[PDB]
Amino acid sequence: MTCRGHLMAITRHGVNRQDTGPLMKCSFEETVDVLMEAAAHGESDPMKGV
DNA sequence: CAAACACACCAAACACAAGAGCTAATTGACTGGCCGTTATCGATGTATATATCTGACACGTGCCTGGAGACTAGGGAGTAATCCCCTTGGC
């Protein structure tokens, strides 16, 4: 919770802000939203999360 | 006076609401126009059934011709005697 300096909330508003990966954010919450944002911005997933 | 940012407020959305597991029952589209098939109504017959009229056959009635009946008139056909002509017969 205190690795990025600011207090990341455990909610969708705090974990999805981290640059983990769209495939990991969509699992938790905000599926279509995070997927759409990644598609628009052309993000990349390193394929390292479980 | 006009533009910069900051704050408080108002107004507008997003996403979540544990893991699941079993069983039952309610919903099973619908008027209308139109084409395509087919059932029905209609004409245009030809075949068969029945009615009217004509033709041939049948039974019956009839008009007409010729035939038949009773009776009559009066004379044609016909007995009974006679003569003697003439035939058959003869030497």
# chains A, B, ... in the order shown; residues from 1 in each chain; ligands from 1
call {"tool": "interface_residues", "arguments": {"of": "chain A", "to": "chain B", "cutoff": "12 Å", "atoms": "only C-alpha atoms (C1' of nucleotides)", "output": "ChimeraX atom specification"}}
result
/A:11-13,28-33
call {"tool": "residues_around", "arguments": {"residues": "residue 41 in chain A", "least_positions_apart": "6", "cutoff": "12 Å", "atoms": "only C-alpha atoms (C1' of nucleotides)", "output": "ChimeraX atom specification"}}
result
/A:22,34-35
call {"tool": "write_last_selection", "arguments": {"atoms": "N, CA and C atoms", "output": "PDB file, in the first residue's frame"}}
result
ATOM      1  N   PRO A  22      -3.068  -3.945 -18.704  1.00  0.00           N
ATOM      2  CA  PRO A  22      -4.521  -3.977 -18.927  1.00  0.00           C
ATOM      3  C   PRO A  22      -5.139  -5.334 -18.635  1.00  0.00           C
ATOM      4  N   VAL A  34     -10.948  -0.262 -18.900  1.00  0.00           N
ATOM      5  CA  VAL A  34      -9.493  -0.358 -18.989  1.00  0.00           C
ATOM      6  C   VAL A  34      -9.086  -0.892 -20.351  1.00  0.00           C
ATOM      7  N   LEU A  35      -9.833  -1.867 -20.873  1.00  0.00           N
ATOM      8  CA  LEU A  35      -9.497  -2.411 -22.183  1.00  0.00           C
ATOM      9  C   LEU A  35      -9.611  -1.343 -23.266  1.00  0.00           C
TER      10      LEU A  35
END
call {"tool": "atom_distance", "arguments": {"atom1": "CA of residue 25 in chain A", "atom2": "CA of residue 37 in chain A"}}
result
11.1 Å
call {"tool": "select_by_dssp", "arguments": {"residues": "chain A", "states": "helix (DSSP H, G or I)", "output": "list in words"}}
result
residues 12, 13, 14, 15, 22, 23, 24, 25, 26, 27, 28, 31, 32, 33, 34, 35, 36, 37, 38, 39, 40 and 41 of chain A
call {"tool": "write_last_selection", "arguments": {"atoms": "N, CA and C atoms", "output": "short mmCIF file (atom, residue, chain, number, x, y, z; two decimals), in the first residue's frame"}}
result
data_model
loop_
_atom_site.label_atom_id
_atom_site.label_comp_id
_atom_site.auth_asym_id
_atom_site.auth_seq_id
_atom_site.Cartn_x
_atom_site.Cartn_y
_atom_site.Cartn_z
N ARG A 12 -10.83 -0.18 -6.93
CA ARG A 12 -10.53 -0.04 -8.35
C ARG A 12 -9.84 1.28 -8.64
N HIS A 13 -10.14 2.31 -7.87
CA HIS A 13 -9.56 3.63 -8.11
C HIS A 13 -8.11 3.73 -7.67
N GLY A 14 -7.58 2.70 -7.01
CA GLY A 14 -6.22 2.75 -6.51
C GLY A 14 -5.28 1.72 -7.11
N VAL A 15 -5.80 0.56 -7.52
CA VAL A 15 -4.95 -0.47 -8.10
C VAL A 15 -4.88 -0.35 -9.62
N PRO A 22 -3.07 -3.95 -18.70
CA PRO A 22 -4.52 -3.98 -18.93
C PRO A 22 -5.14 -5.33 -18.64
N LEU A 23 -4.44 -6.42 -18.97
CA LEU A 23 -4.98 -7.75 -18.71
C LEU A 23 -5.14 -8.03 -17.23
N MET A 24 -4.38 -7.35 -16.38
CA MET A 24 -4.54 -7.51 -14.95
C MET A 24 -5.58 -6.57 -14.37
N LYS A 25 -5.68 -5.35 -14.90
CA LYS A 25 -6.71 -4.43 -14.41
C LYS A 25 -8.10 -4.94 -14.74
N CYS A 26 -8.30 -5.44 -15.96
CA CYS A 26 -9.65 -5.85 -16.35
C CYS A 26 -10.14 -7.01 -15.49
N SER A 27 -9.24 -7.84 -14.98
CA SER A 27 -9.66 -8.94 -14.12
C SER A 27 -10.41 -8.42 -12.90
N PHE A 28 -9.83 -7.45 -12.20
CA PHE A 28 -10.40 -6.94 -10.96
C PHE A 28 -11.74 -6.23 -11.19
N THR A 31 -13.57 -3.66 -16.53
CA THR A 31 -13.08 -4.45 -17.65
C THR A 31 -13.08 -3.65 -18.95
N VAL A 32 -14.28 -3.31 -19.44
CA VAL A 32 -14.38 -2.67 -20.75
C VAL A 32 -13.67 -1.33 -20.72
N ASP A 33 -13.74 -0.63 -19.59
CA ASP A 33 -13.12 0.69 -19.50
C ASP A 33 -11.61 0.60 -19.68
N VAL A 34 -10.95 -0.26 -18.90
CA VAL A 34 -9.49 -0.36 -18.99
C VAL A 34 -9.09 -0.89 -20.35
N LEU A 35 -9.83 -1.87 -20.87
CA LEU A 35 -9.50 -2.41 -22.18
C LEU A 35 -9.61 -1.34 -23.27
N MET A 36 -10.67 -0.53 -23.21
CA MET A 36 -10.82 0.56 -24.18
C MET A 36 -9.69 1.57 -24.06
N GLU A 37 -9.31 1.92 -22.83
CA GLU A 37 -8.23 2.88 -22.66
C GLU A 37 -6.92 2.34 -23.21
N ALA A 38 -6.62 1.07 -22.93
CA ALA A 38 -5.41 0.47 -23.48
C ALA A 38 -5.44 0.48 -25.00
N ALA A 39 -6.56 0.06 -25.59
CA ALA A 39 -6.66 0.03 -27.04
C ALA A 39 -6.43 1.42 -27.62
N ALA A 40 -7.07 2.43 -27.04
CA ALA A 40 -6.90 3.79 -27.55
C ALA A 40 -5.45 4.23 -27.45
N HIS A 41 -4.81 3.98 -26.32
CA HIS A 41 -3.44 4.43 -26.11
C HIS A 41 -2.42 3.43 -26.62
#
call {"tool": "atom_distance", "arguments": {"atom1": "CA of residue 21 in chain A", "atom2": "CA of residue 45 in chain A"}}
result
5.4 Å
call {"tool": "atom_distance", "arguments": {"atom1": "CA of residue 42 in chain A", "atom2": "CA of residue 5 in chain A"}}
result
26.9 Å
